[PDB]
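The form deposited in one PDB entry is given below as one chain in C-alpha cells.
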C-alpha cells in the first residue's frame, strides 16, 4: 500500500460501476498510460470491522499472476480512504450477460472452461477462490474470462461442508456446479427461498440437478461437481477434459457476440 503518492493525481475517477464488497467501485483512467482501470474506494472509518478481510484479499490478489485472474495494480491511502486499483474488464460479468436471454451450450461450455482454467491455476497455487458464481466472473471486451471477488477465508453457491463449517479446493468445484446451473437456467437452485432456509436445505437435501432440455453431458458435468462427498468431486484439471467441455467449448473470442448482445439489449 502506497502511503505517499496521491491517487487523485494518478487516476481520473469516472462513473460508478456499482457497489462491490467493502466499498464503491468506479471506472477510471490511469493518467500516465490512459488505460482504463477499476477503482474501489473503501472508507476505512466506515468499514473498520472488515479491514483484515480487505488486507487478505489484497495479499491473495497480489500473489496471483494468471491470464484467468483479474490483475491487481496496487493500493493507495488518501486521508481515510483506501483506493484499490485493478484492471478494468469491459465485457461485464457473466451474470450481466445472462440478461438478454438464455446462453447456448457452446457459450456455457466456453465460460466454464475458462473458469476451470482459473481454478486449476489457483488450486495449483494452494489457493481457494471461495466464491465462484456468475457475478464474480468478469469478461474483457475481447471475450477473455477471469475470476474476481475472492471469498473471505448469501448461501446459494456454498458447498455443504462449508455451511456445516466442517474444507479444501473441492468446495470451489461444488460452487462451479452451482454456477453451471446458473449459466444454464439464469439462477442457482433455491433462488426463490429465504437464505436461512437454504442454509439448512443444502446440507439436508440431495444435491441439486440441472432440470430442463439440456444435453446429457451438461447434466453429467453438473452432477459430477455436485456430489455431497467432496472426495467424489473431480479436480479442475480433470474437468477440463470432461466430454461436455471438449465437445462444446470454442474460442473465447466468440463471446464478443454475447457481449454485443448485452449492449443491444
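Under this definition, the rigid core comprises the largest set of C-alpha atoms superposing within 1.5 Å between the forms. Residue numbers count along the first chain shown, from 1.
Notably, residue 48 is an intermittent gap: at least a third of the other compared entries of this protein, restricted to those modelling both its neighbours, have no coordinates for it. Gap check for residue 166 to residue 167: 1 to 3 deposited residues are absent from the model. Counting the unmodelled positions of the deposited sequence between residue 153 and residue 154 gives a long gap of 10 or more residues. As recorded in the PDB entry, 156-164 is the stretch of 156-164 and 181-189 with the greater mean C-alpha temperature factor. On average the C-alpha atoms of 97-105 have higher B-factors than those of the other stretch, with 97-105 and 131-139 being the two compared. Between the residues 30, 48, 223, 211, the entry's highest C-alpha temperature factor is the one at 48. Of the candidates 66, 215, 235, 59, the one whose C-alpha carries the top B factor in the deposited record is 59. Ranked within its chain, residue 19 lands in the highest third, by CA B factor from the PDB record. Residue 196: CA B factor lies in the highest third for its chain, per the PDB record. The PDB entry assigns residue 44 a C-alpha temperature factor belonging to the highest third of its chain's modelled residues. For residue 122, the recorded CA temperature factor ranks within the middle third of the chain's modelled residues. Compared with the other modelled residues of the chain, the Cα B-factor recorded for residue 204 ranks in the highest third.
Keep in mind the form deposited in another entry is missing from the figure; the text below concerns it.
The one residue among 52, 223, 65, 238 whose Cα position changes by 2 Å or more between this form and the one not shown, with the core held fixed by superposition, is 52. With the core superposed, residue 247 shows a C-alpha displacement below 2 Å between this form and the one not shown.
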